[PDB]
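Below is one structure, written out as C-alpha cells; the observations come after it.
Each residue takes its place number in the sequence, starting with 1. These values consider heavy atoms only, across backbone and side chains, with no hydrogens, waters or symmetry-generated copies. Start at 1 and go down the list; that is how both ligands and their atoms are numbered.
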Amino acid sequence: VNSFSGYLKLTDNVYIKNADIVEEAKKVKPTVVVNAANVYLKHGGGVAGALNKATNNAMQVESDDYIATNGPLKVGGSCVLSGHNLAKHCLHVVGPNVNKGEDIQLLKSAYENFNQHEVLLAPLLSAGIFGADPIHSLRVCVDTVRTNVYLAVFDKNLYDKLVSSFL
Ligand SMILES: FC(F)c1cccc(CSc2ncnc3[nH]cnc23)c1
C-alpha cells in the first residue's frame, strides 16, 4: 500500500492521473520523482522548468555542479540527484527530443532507467515540448517499465485521450 490517490490503473504496474506533477510531488513526497531532463540538466521549461521553479532553483544549482563534475548525460540516460522539497530523490531522465532530431527508439532506453526504482512518480517521457506522441510514450512505458509507475498528465484533454485510446 502506498499514498498515491485517485489514479486509474492501466496495467499490473502502471497507473495514470490528470495532475500537475509539481503539486502531486508536494503532496505525496514520493521516494522518487522523475524529471523530463535534457543532457545538460538545464531546467528551463516544460516539466523540468516547473520542478526546478518549485525548488526555488536549488535543483538547477545542484545540477550545474553535477555537470561541472561529470559532463552531460546521454540521451536515454539518467542520474539520481536530490528531490529537494518535492521528493527524497529526483531521477533526471533524458528522453529523445524530437524537436532536436533525436532517435525515438531511444525512448525505450530512457524508460529502462525507471526499472532501477521500485516506485516512481513520473511524467510521460519525450511528451510535451520534447515533441513525441504521448500515446506512443505511454505504450513504450507500459511495455518497458516493470516497477510501479504513477504517471501524472498535466493536460486534462490529453489525459482523457490517453485513457480512451489505451489498448
Ligand atoms: F507555470 C509554471 F510555473 C508551473 C508551476 C507549477 C506547476 C506547473 C505544472 S507541471 C507540468 N508541466 C508540464 N508538463 C507536465 N506534465 C505533467 N506535469 C507537468 C507549472
Side-chain angles (χ1 to χ4, degrees), residues 2-11 13-63 73 75-76 78 81-100 102 104 106-107 110-111 113-114 117 119-142 144-145 147-166:
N2 63 52
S3 166
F4 288 103
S5 177
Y7 286 75
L8 179 69
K9 184 168 177 60
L10 294 176
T11 68
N13 64 297
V14 179
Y15 294 81
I16 195 168
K17 184 182 180 179
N18 172 222
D20 183 341
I21 193 172
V22 170
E23 289 309 308
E24 186 76 7
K26 281 195 289 186
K27 161 174 114 58
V28 178
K29 293 298 235 81
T31 304
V32 180
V33 66
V34 173
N35 182 31
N38 58 53
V39 298
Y40 306 110
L41 302 180
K42 286 172 62 92
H43 310 302
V47 168
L51 289 172
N52 176 59
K53 179 176 174 185
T55 76
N56 183 43
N57 210 51
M59 178 180 285
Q60 191 63 67
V61 171
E62 178 195 31
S63 293
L73 296 181
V75 178
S78 70
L81 291 172
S82 180
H84 301 275
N85 52 317
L86 304 178
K88 188 176 189 303
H89 304 108
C90 179
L91 182 69
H92 295 272
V93 180
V94 184
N97 189 326
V98 176
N99 306 316
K100 299 180 179 179
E102 292 165 353
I104 194 63
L106 290 169
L107 187 55
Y111 273 117
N113 295 285
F114 289 24
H117 303 277
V119 183
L120 316 85
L121 171 62
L124 285 169
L125 298 180
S126 298
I129 68 176
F130 281 62
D133 176 6
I135 296 177
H136 174 66
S137 182
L138 177 56
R139 188 74 259 166
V140 178
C141 181
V142 164
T144 305
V145 182
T147 55
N148 291 143
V149 57
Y150 289 84
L151 295 168
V153 178
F154 179 59
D155 187 67
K156 169 61 172 171
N157 286 324
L158 174 60
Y159 170 83
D160 288 345
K161 181 190 192 127
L162 288 164
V163 168
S164 291
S165 60
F166 184 72

Worksheet item: Who are the salt bridge (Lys or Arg N to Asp or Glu O under 4.0 Å) partners of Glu24, not counting sequence neighbours?
Response: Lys17
Worksheet item: Is a side-chain donor-acceptor pair under 3.5 Å present for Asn2 with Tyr150?
Response: yes
Report every pair formed by an N or O atom of ligand 1 and a protein N or O atom separated by less than 3.5 Å, giving atom names and the distance to 0.1 Å.
{"unit_1": "ligand 1", "atom_1": "18 (N)", "unit_2": "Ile21", "atom_2": "N", "d": "3.4"}

Item to complete: Start with the C-alpha gap between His43 and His92, add the side-chain angles, then the distance that decides, and say whether ring pair (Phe, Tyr, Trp, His ring centres under 6.0 Å) holds.
Response: CA-CA 10 Å; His43 310 302; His92 295 272; 5.2 Å; yes
Practice prompt. Would you confirm whether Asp20, through its side chain, and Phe154, through its main-chain N or O, come within 3.5 Å as a donor-acceptor pair?
Written response: no
Response to the item:
Residues pairing under salt bridge (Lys or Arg N to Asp or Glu O under 4.0 Å) where one sits in residues 150-159, two or more places apart or in two chains, turn out to be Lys156-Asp160
Worksheet entry | Any pair counted as salt bridge (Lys or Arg N to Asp or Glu O under 4.0 Å), so long as it reaches residues 45-55, sequence neighbours left out | none
